[PDB]
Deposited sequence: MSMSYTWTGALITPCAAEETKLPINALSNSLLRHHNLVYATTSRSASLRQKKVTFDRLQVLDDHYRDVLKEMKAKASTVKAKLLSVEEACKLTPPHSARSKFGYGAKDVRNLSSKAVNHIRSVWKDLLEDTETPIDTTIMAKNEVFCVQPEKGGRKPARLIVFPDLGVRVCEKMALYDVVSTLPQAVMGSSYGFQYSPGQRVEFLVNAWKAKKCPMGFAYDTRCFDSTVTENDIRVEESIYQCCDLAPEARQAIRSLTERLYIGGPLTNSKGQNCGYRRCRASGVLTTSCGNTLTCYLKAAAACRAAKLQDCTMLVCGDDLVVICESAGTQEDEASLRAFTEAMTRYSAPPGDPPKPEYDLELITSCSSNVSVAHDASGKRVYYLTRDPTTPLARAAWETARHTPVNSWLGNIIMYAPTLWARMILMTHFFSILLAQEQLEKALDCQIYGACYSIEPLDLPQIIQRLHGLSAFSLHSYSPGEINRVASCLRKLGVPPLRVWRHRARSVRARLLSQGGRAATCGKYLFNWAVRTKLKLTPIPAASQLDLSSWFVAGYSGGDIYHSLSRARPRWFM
């Protein structure tokens, strides 16, 4: 079947990516899928199902599901918004209960979805190509989204880890991800690793893939209504349905993965894992270790030789193609762990204050800096700079540029204590910047404040990026951080801790740094459990 069918009605509005480029994306994501399954696929599936069998999932109440709704989640077309949902307003609640009742009674009628072009900031690079088309987002109404949580929130939070174990990427903090990859690399006699990039993964997801995914969810111990709701949501929403633009016009139909449903991340991880594990067997890759985050796949295995490794990747690719997961860029074997870019990141190493080696995750800073520049220029709902400070806290660029720039703005605006929204693995977190030292200590360890001896390649990538973007050099940032640090120190409490810990790299004579006592009190239990991209998930912490 066709991933999409279109009426010709435009994807209407609600460098930055806009609805103008939607037509270019539509051409790429629109194709017929030809999927051929074999015994390797069937074997891996049965193994996954046996692990899913151990899961017991709870049905969330309306109230618990309402509490997970982001405050700025798109309003319902039925006369209520995200604020009404969170406040448990009679109208919102009554509508949610009728949506739920309808899921239990109607097992066939397709549910309507809205299609929108996503507005994302990318860097204006005229040397290696041109502007990227806007990504497309497909999501059901707010009432349906609350119902999805009731039936599947506990499933999507618990099941992926039970099924995939250590291969489930979203259970890891950046430090644990680094440790997993380093351990996997070290465990091989002669390691070889590769990233597998699927061309438009969401469009490659077939109706059968979605039913196979349900077959895995159905192995859980579930309440009868949860079981019916999962069955109904699969047929009416997950497998496909009609697409409506922002103007309420019929845009066409979808027969592939919707990017804005609760099961997107979980389903994509399960599907990518299933296909990859089966393709590993077809390719005869030896002693495979996989790390899967949605459509992002990394494989670490035993090298069989240079030519043999090239042949085994072509074989893996041919198998993924048969399973309807063809490649964007063909995979390349790597013989150094640092050379693998997975989840847009690479492993790097630094030294702590005692000279001990510390592995950390980094990435090219172009996109994070350009997005930070967009956010500094215009008020945004999500602060990517805050997410990048949290996730890339040990990096040279996040410490010297992002922390220095944003802490000077927060000092000037006197908004250090004001909670900000940021995204962590697709979920929305409301965070006070004053809590950053505690968060960083918990996710990366005390050493994240004392790291030095950065690699020449990492130093050069940062410095070249600053030049290209017209950002002042690192020496200017050191000078700026000293003033930012001094002002934070003068304020006391958490503000002084931000100065002392985040800006210890800036001082002539570096301070001792003892663990932050209150850091253990932060409840980070919901943090690196699961991925919720497009899942409409929220938490205050």
> Could you list, start to end, the deposited-sequence stretches with no C-alpha atoms?
Replying inline: 1, 16-38, 566-574
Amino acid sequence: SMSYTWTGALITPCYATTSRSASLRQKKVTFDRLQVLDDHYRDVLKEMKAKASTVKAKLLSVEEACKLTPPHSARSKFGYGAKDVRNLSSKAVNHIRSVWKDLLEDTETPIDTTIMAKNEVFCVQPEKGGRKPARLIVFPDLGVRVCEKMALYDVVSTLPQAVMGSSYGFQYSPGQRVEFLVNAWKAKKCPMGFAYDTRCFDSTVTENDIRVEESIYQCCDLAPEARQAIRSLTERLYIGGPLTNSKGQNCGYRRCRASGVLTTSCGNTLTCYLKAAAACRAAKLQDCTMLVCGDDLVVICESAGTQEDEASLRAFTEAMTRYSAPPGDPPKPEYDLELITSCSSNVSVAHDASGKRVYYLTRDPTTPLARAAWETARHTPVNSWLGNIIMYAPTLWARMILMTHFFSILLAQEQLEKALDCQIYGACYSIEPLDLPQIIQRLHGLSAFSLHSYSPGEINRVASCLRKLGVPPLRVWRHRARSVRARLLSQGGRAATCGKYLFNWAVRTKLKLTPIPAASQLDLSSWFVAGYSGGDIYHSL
From here on, numbers count along this sequence of modelled residues.
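Between two forms, the rigid core is defined as the largest C-alpha subset superposing within 1.5 Å.
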> Following superposition on the rigid core, is the mean squared CA displacement, expressed as RMS, greater for 423-431 or for 198-206 in 9 other deposited structures of this protein?
Replying inline: 423-431
> Taking the recorded C-alpha temperature factors, which stretch has the higher mean, 86-94 or 140-148?
Replying inline: 86-94
>> Quick check: 124-132 versus 275-283, which has the larger average CA B-factor in the record?
In response: 124-132
> Out of 366, 438, 203, 73, which shows the largest CA B-factor listed in the entry?
Replying inline: 73
>> Just the C-alpha B-factor column, please: which of 44, 486, 498, 29 has the biggest number?
In response: 29
>> Going by the CA temperature factor in the PDB record, which third of the chain does residue 267 belong to: lowest, middle or highest?
In response: lowest
> residue 189: which third of its chain by C-alpha temperature factor?
Replying inline: highest
>> Could you place residue 160 in the lowest, middle or highest third of its chain by Cα temperature factor, using the values in the record?
In response: lowest
> Which third of the chain holds residue 312 when residues are ordered by C-alpha B factor: lowest, middle or highest?
Replying inline: highest
> residue 55: which third of its chain by C-alpha temperature factor?
Replying inline: lowest
